[PDB]
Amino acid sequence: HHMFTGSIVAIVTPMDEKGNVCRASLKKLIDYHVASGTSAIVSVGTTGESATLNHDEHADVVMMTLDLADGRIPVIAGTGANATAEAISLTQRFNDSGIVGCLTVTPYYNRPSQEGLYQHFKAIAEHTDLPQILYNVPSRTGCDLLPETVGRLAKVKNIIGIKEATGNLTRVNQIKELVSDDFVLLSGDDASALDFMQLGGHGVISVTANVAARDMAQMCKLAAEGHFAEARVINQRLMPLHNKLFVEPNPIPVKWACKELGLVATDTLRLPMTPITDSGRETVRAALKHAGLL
């Protein structure tokens, strides 16, 4: 449980101008999260450009993140794939790496059934001893892992939680009532995450935490302590970021914000991500200023 709760950053993969991982920038981010009280780092999720790294660069970024973390902050590896054999293969690369767990997205594009999702995640879970956090994000995947199937999978010993990114807050108690008390419920939607914690959620895997780590850590700890009015004060400060970090496709805005705050050298991404527009720059700058970060 506890390690997989609070503010978990869906960390950018900072790049040089050629699109290659920038170690010095990642080191700065990881020292930042250690200092800020971030609970854990998700390495090569969606915000980390999993889509545009091959499995070798993917593995390199995860092992680099672990190495820079140096035991100071838990690392969760993104291990999602839309082929079950590939998800198992990617998961096996990190067995005994030192990561504490895996974040495994529902297959994207091929739109499996609820039985396909069950057989997919069960097969992955049987090929590792690592804790598995299911990841539901239908806007990106074209499929919806429903609470009934979550309940089914929760019975598998090392399936320990879900990163629910629908923004549909009815999912919190629909899942909670089909699962044991130590099954972890994490928001994957920054704008609705405090609401998600107020309904019983245990934390959030956050893009906003990339640039407001100390605020996001404080908001999740206040939510866990049941101080929701104090948590809402931080959430109101952060809400323009929660929204405007998606004004253009994630992670285009958050990489620009990281660069503007001096957290990374370069806001470079890989195609088909393209540089932030003038209009997006002014929108994200107004949001950083609203959060008191600029």
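For every residue, the number given is its place in the sequence shown, counted from 1.
As recorded in the PDB entry, 88-96 is the stretch of 88-96 and 148-156 with the greater mean C-alpha temperature factor.
Of the two segments examined, 177-185 and 71-79, it is 177-185 that shows the higher average Cα temperature factor in the deposited entry. Listed residues 257, 234, 34, 42 were ranked by CA B-factor as deposited; 34 comes out on top.
Taking the deposited Cα B-factors for 140, 127, 120, 171, the highest one is held by 127. Per-chain ranking of the deposited C-alpha B factor places residue 11 in the lowest third. For residue 249, the recorded CA B-factor ranks within the middle third of the chain. Only modelled residues enter the ranking.
For residue 24, the recorded CA temperature factor ranks within the middle third of the chain's modelled residues.
Among the modelled residues of its chain, residue 272 has a C-alpha B-factor that falls in the lowest third, as given in the PDB entry. Annotation for residue 52: C-alpha temperature factor in the middle third relative to the rest of the modelled chain, per the entry.
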